[PDB]
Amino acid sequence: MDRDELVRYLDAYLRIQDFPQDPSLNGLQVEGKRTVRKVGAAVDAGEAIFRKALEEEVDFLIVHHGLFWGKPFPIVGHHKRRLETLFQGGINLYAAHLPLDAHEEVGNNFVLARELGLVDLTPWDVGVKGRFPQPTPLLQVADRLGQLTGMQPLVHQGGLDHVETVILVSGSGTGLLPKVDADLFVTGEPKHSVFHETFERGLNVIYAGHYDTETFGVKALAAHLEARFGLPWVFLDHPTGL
C-alpha cells in the first residue's frame, strides 16, 4: 500500500484535527518506505520496540505514545539511536495519542468497554466514553479485567460493593477524578495524590495498568486496516509493569 494514502486515511479515520490541544504530534512522526507491506502496532515508542519492528520487518509502526510532545530535543544519545533503527529499517512511525484514546470504533476506551460488558455506551471526556450499566454486578469486574489483562488490578473501594454505572479512561485518568460521577471508575495508573479523595468521596476505582489498558487501541486500529486493506500486522509487546 502507498504510505501516503495510509497516512491520509488514518488522519481522516481518527480525525486528528479534532484534538488540536494534544501536546503529542499526532500523525506520521517519522517517514520510512513509500510502499507498506506490513503493519506493526505497539503502545510505546522506544528503542526496544523499534528493534522488534525491525526484526518482524514492520514497514508501518503505529504507537499510542510517540516521540514528540512539543518539546524539541536534540538528536543525541538515545534519541539518535531510535532514529537510526527506524531509518535502517525503512520503518514509518505513525503516532496516535488522544484521538486513538477517544475513537468510538477502535479507541482504547470504547474497545475495552465492550470487551468488558458495558452497554448503553456514550462518550465521557476525551479519550473516553465511560458511564453505562451491566446491570448490577459485584465489584469483581476486577476479575474480568485481570483475565482480560493477565494481571490482577488494584482496586480502591470507597463506595458500593456492587456497581452499575462505569466510566472508563485508560492511561492516566486520575486527573479526571473530581468529575467522575459513576459507581465505578476504570483507569490505568494510580496516583498517591488522589488516594484520600477517592475514599472520602466514596468512589470505586480500579487501576488496571497504564500499559495494559492502552494496549487495546493500537491492536484494534491494526486489525481495522487489515480488514479494509488486507495489510497483515503484528503486535510488538513491551510490558512495563506500570
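Numbers follow the displayed sequence, beginning with 1.
Between 36-44 and 66-74, the higher mean Cα B-factor belongs to 66-74.
For the pair 146-154 and 93-101, the record assigns the higher mean C-alpha temperature factor to 146-154. Among the modelled residues of its chain, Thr85 has a C-alpha B-factor that falls in the lowest third, as given in the PDB entry. In this PDB entry, the Cα temperature factor of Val180 sits in the top third of its chain's modelled residues, the highest group.
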